[PDB]
Amino acid sequence: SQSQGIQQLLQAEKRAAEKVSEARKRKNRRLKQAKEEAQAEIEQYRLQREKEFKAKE
Amino acid sequence: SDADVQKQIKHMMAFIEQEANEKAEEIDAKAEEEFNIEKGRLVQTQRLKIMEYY
Amino acid sequence: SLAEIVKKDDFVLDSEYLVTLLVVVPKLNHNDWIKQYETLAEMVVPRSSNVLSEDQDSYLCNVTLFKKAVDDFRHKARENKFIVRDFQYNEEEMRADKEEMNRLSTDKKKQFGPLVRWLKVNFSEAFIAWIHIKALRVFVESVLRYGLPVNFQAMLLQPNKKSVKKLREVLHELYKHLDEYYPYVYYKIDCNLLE
């Protein structure tokens, strides 16, 4: 039956769907993680500016 | 010859399987670039606004 | 149209790396085509061909293959005298042909019935009115030919095709004192409206 050749085509397409789907999920996870690290660094800069301001006072 | 066609495709289809993986590795490389680009844009924009307030 | 023979189960679609193509081949070459399609391009799977339908001249089959193979496949199919005729399960096109078939076949009846009835009425009225004009031509000419206190009989003849010349001679002889042309009032009607 033609199903033998059709599944040999679909095997490579299934690899594409799986690999690209995981990579799309990794992109969304990374964009959230970038913001969560940015929120820590801006507070560390703010604390240093606060210390300097109190010293100037 | 059916056997030679089956052997030929079983080898040659691996190039499409390789490209199918490589596209996802390119998207993963873009995710690591966009992580650093977005992080840097966020931190510098806020740090300058915070510094101007003080 | 492919709309009569196409169904979704013969196709590989919705894919980044995969394509389906359609080919027509003359029935004498089909026994060679069954193996030859596996060799017309690189990156073609064995058993890729699925028949949709056959006729007195040819077979039409779907072919399933990797996206890089399609241009060499179509070009080498043409070199081997095969004809490409792509229709990748076009639901909109098969629907549009089926909708228009159901519509046009029905609208034909919706025109036909009223048209026959209207044509029967219009025929009757036009034929009646035609004879009223003929009667007026006879009447007006009689009134002109003899003056206003008219006393003319209106008469009909159906001429015999074998003796119409003798009829003309009789009609002249019966009316020679009243004055193609004739001494009496004359007009004709022909029923061969339908050829």
# chains A, B, ... in the order shown; residues from 1 in each chain; ligands from 1
>>> residues_around(residues="region 22-28 of chain B", least_positions_apart="3", cutoff="6 Å", atoms="only C-alpha atoms", output="PDB file with C-alpha atoms, in the first residue's frame")
ATOM      1  CA  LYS A  19      11.717  20.345  17.104  1.00  0.00           C
ATOM      2  CA  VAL A  20      10.162  23.713  16.062  1.00  0.00           C
ATOM      3  CA  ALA A  23      12.075  25.885  20.114  1.00  0.00           C
TER       4      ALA A  23
ATOM      5  CA  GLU B  19      17.081  20.693   8.011  1.00  0.00           C
ATOM      6  CA  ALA B  31      15.851  32.947  21.465  1.00  0.00           C
TER       7      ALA B  31
END
>>> select_by_dssp(residues="chain C", states="helix (DSSP H, G or I)", output="PyMOL selection string")
chain C and resi 2-4+8-10+30-39+67-79+91-146+164-178+192-194
>>> residues_around(residues="region 76-88 of chain C", least_positions_apart="2", cutoff="10 Å", atoms="only C-alpha atoms", output="PyMOL selection string")
chain C and resi 1-3+6-8+10-13+19-26+29-30+33+36-37+39-41+60-62+70-74+90-91+93-94
>>> interface_residues(of="chain B", to="chain C", cutoff="12 Å", atoms="only C-alpha atoms", output="list in words")
residues 1, 2, 3, 4, 5, 6, 7, 8, 9, 10, 11, 12, 13, 14, 15, 16, 17, 18, 19, 20 and 23 of chain B
>>> write_last_selection(atoms="C-alpha atoms", output="PDB file, in the first residue's frame")
ATOM      1  CA  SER B   1      14.445  -1.886  -8.511  1.00  0.00           C
ATOM      2  CA  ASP B   2      12.181  -1.408  -5.419  1.00  0.00           C
ATOM      3  CA  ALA B   3      14.974  -2.264  -2.912  1.00  0.00           C
ATOM      4  CA  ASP B   4      17.419   0.313  -4.410  1.00  0.00           C
ATOM      5  CA  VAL B   5      14.699   3.037  -4.371  1.00  0.00           C
ATOM      6  CA  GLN B   6      13.947   2.165  -0.702  1.00  0.00           C
ATOM      7  CA  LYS B   7      17.715   2.353   0.170  1.00  0.00           C
ATOM      8  CA  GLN B   8      18.199   5.604  -1.818  1.00  0.00           C
ATOM      9  CA  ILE B   9      15.242   7.379  -0.114  1.00  0.00           C
ATOM     10  CA  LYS B  10      16.172   5.994   3.375  1.00  0.00           C
ATOM     11  CA  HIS B  11      19.544   7.796   2.915  1.00  0.00           C
ATOM     12  CA  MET B  12      18.315  10.972   1.119  1.00  0.00           C
ATOM     13  CA  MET B  13      15.351  11.718   3.500  1.00  0.00           C
ATOM     14  CA  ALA B  14      17.948  12.299   6.290  1.00  0.00           C
ATOM     15  CA  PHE B  15      18.816  15.710   4.685  1.00  0.00           C
ATOM     16  CA  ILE B  16      15.197  16.885   5.277  1.00  0.00           C
ATOM     17  CA  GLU B  17      15.330  15.480   8.864  1.00  0.00           C
ATOM     18  CA  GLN B  18      18.623  17.414   9.334  1.00  0.00           C
ATOM     19  CA  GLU B  19      17.081  20.693   8.011  1.00  0.00           C
ATOM     20  CA  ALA B  20      13.999  20.083  10.241  1.00  0.00           C
ATOM     21  CA  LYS B  23      15.535  25.282  11.690  1.00  0.00           C
TER      22      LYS B  23
END
>>> interface_residues(of="chain A", to="chain C", cutoff="8 Å", atoms="only C-alpha atoms", output="list in words")
residues 1, 2, 4, 5, 6, 8, 9, 10, 12, 13 and 16 of chain A
>>> write_last_selection(atoms="N, CA and C atoms", output="short mmCIF file (atom, residue, chain, number, x, y, z; two decimals), in the first residue's frame")
data_model
loop_
_atom_site.label_atom_id
_atom_site.label_comp_id
_atom_site.auth_asym_id
_atom_site.auth_seq_id
_atom_site.Cartn_x
_atom_site.Cartn_y
_atom_site.Cartn_z
N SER A 1 0.83 -1.23 0.00
CA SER A 1 0.00 0.00 0.00
C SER A 1 0.86 1.27 0.00
N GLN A 2 0.35 2.40 -0.51
CA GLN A 2 1.08 3.69 -0.56
C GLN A 2 1.42 4.29 0.82
N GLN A 4 3.23 3.17 3.22
CA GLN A 4 4.67 3.00 3.49
C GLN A 4 5.49 4.24 3.08
N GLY A 5 5.33 4.70 1.83
CA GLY A 5 5.99 5.91 1.34
C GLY A 5 5.45 7.17 2.02
N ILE A 6 4.14 7.26 2.26
CA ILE A 6 3.52 8.42 2.93
C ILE A 6 4.08 8.58 4.36
N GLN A 8 7.04 7.57 5.41
CA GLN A 8 8.43 8.00 5.22
C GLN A 8 8.55 9.50 4.91
N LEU A 9 7.60 10.08 4.17
CA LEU A 9 7.49 11.55 4.06
C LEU A 9 7.14 12.18 5.42
N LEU A 10 6.07 11.71 6.07
CA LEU A 10 5.57 12.28 7.33
C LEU A 10 6.59 12.21 8.47
N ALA A 12 9.86 12.87 8.52
CA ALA A 12 10.68 14.07 8.53
C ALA A 12 9.87 15.33 8.91
N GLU A 13 8.62 15.43 8.45
CA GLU A 13 7.72 16.53 8.83
C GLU A 13 7.37 16.50 10.34
N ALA A 16 10.18 17.97 12.19
CA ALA A 16 10.09 19.43 12.10
C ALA A 16 9.07 19.99 13.12
#
>>> interface_residues(of="chain A", to="chain B", cutoff="8 Å", atoms="only C-alpha atoms", output="PyMOL selection string")
chain A and resi 9+12-13+15-16+19-20+22-24+26-27+30-31+33-35+37-39+41-42+45-46+49-50+53
>>> atom_distance(atom1="CA of residue 118 (chain C)", atom2="CA of residue 133 (chain C)")
22.0 Å
